[PDB]
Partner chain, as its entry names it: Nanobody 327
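For reference, the chain that follows is the form deposited without the partner chain, supplied as structure tokens.
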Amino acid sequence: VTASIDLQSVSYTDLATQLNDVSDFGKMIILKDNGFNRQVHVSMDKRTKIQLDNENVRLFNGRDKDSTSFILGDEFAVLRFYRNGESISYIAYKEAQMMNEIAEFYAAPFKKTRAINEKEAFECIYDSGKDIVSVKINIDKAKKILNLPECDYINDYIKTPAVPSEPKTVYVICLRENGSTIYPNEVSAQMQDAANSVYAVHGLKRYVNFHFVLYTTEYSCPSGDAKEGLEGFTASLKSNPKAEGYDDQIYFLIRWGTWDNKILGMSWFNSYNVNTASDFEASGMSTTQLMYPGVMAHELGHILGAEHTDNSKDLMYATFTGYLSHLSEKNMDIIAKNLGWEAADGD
């Protein structure tokens, strides 16, 4: 009988035992809910590495037709999949107190809202007896219910100032802003979407493997202004003797919130090229909250040379779309060029 995940009671140990059983050749898992049954073929993501404060975080993919992915650390696990065109995340933390804190955190925006549809946007999942074992979040339904202010990207980038035998490792050094609380499920999802938006372009996993690390920085933005915040962040990287000799990597300042004018992130445009990266120029900033998936991917796009497009299904649309993929062939060419690819190499 095929392994299955019961979405009416899914816990951290459920997800951990299933994903830890995924070998080199993949594993079939059936996702189950009321009137819902989806068989997905799960595989380990060997392209991307993540440590959060030296804690190792592993990624998992479904087939394209599955619209499913996973995240697993020692402390938490994530299942995210699409149903009826809407993303749904199941977020499970191992320790009971941190699960309770996470559940209360995600319940906060609904504390004045009563919809009688609230459970379709946010729901605590209970063990099969009143202990929360995960939370289920549908951010599209949450946005419809909450009718909150919509942040965006307008003016989110400034101007500066034979296939290889092995992909080049590119470190993406993420720095938790001084005073920020970042939850591991949220930042890991942003990193996963960012790396995957690049691999999907011109077969770029042949050329790059991203390695994310997260640490805390003493830097914090001096005002609410994103441009001033990014200028200060890059200056703080050059001032820091710790970072001597890593000026050719990519850097993100991350926070849970946003900046003035509902700005979601900011980056130096067209600032990374595998052959010339230097002087901490490939740097940006990004929110990490769950309601804005793909902001890190969008900013990484700009760093790699991608422009805004007029296609509202594109990751690089000038206002927030929630979509996670590059659709502009013009953007794909410059991203791939800056990562070492040439047309003669094919896809």
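Residue numbers count along the first chain shown, from 1.
Gap between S128 and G129: 4 to 9 deposited residues without coordinates. Where coordinates are absent for parts of the deposited sequence, a chain break appears; between neighbours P161 and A162 it spans 10 or more residues. For the pair 253-261 and 115-123, the record assigns the higher mean C-alpha temperature factor to 115-123. The mean C-alpha temperature factor is higher for 101-109 when 182-190 and 101-109 are set side by side.
Across the residues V172, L146, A195, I137, the deposited record lists the maximum Cα B factor for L146. The entry assigns its greatest Cα B factor, within the set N209, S239, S89, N270, to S239.
Among all modelled residues in this chain, the alpha-carbon of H308 has a temperature factor (C-alpha) in the middle third.
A277: CA B factor lies in the highest third for its chain, per the PDB record.
When the CA B factors of the chain's modelled residues are split into thirds, the value for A318 lands in the middle one.
Annotation for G245: C-alpha temperature factor in the highest third relative to the rest of the modelled chain, per the entry.
In this PDB entry, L214 carries a Cα temperature factor that places it within the lowest third of its chain's modelled residues.
From this point on, the text means the form deposited with the partner chain bound, which you will not see here.
Segments offered: 308-316, 295-303, 32-40, 275-283. Contacting the partner chain in the bound PDB entry at heavy atom distances within 4.5 Å is 308-316.
For the residues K136, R206, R80, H202, the 4.5 Å heavy atom test against the partner chain in the bound PDB entry is passed only by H202.
In summary, among the residues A16, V22, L327, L324, the only one with a non-hydrogen atom within 4.5 Å of the partner chain in the bound PDB entry is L327. The shortest heavy atom separation between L339 and the partner chain in the bound PDB entry exceeds 4.5 Å.
Although the partner is absent here, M332 lies within 4.5 Å of the partner chain in the bound PDB entry, judged by heavy atoms.
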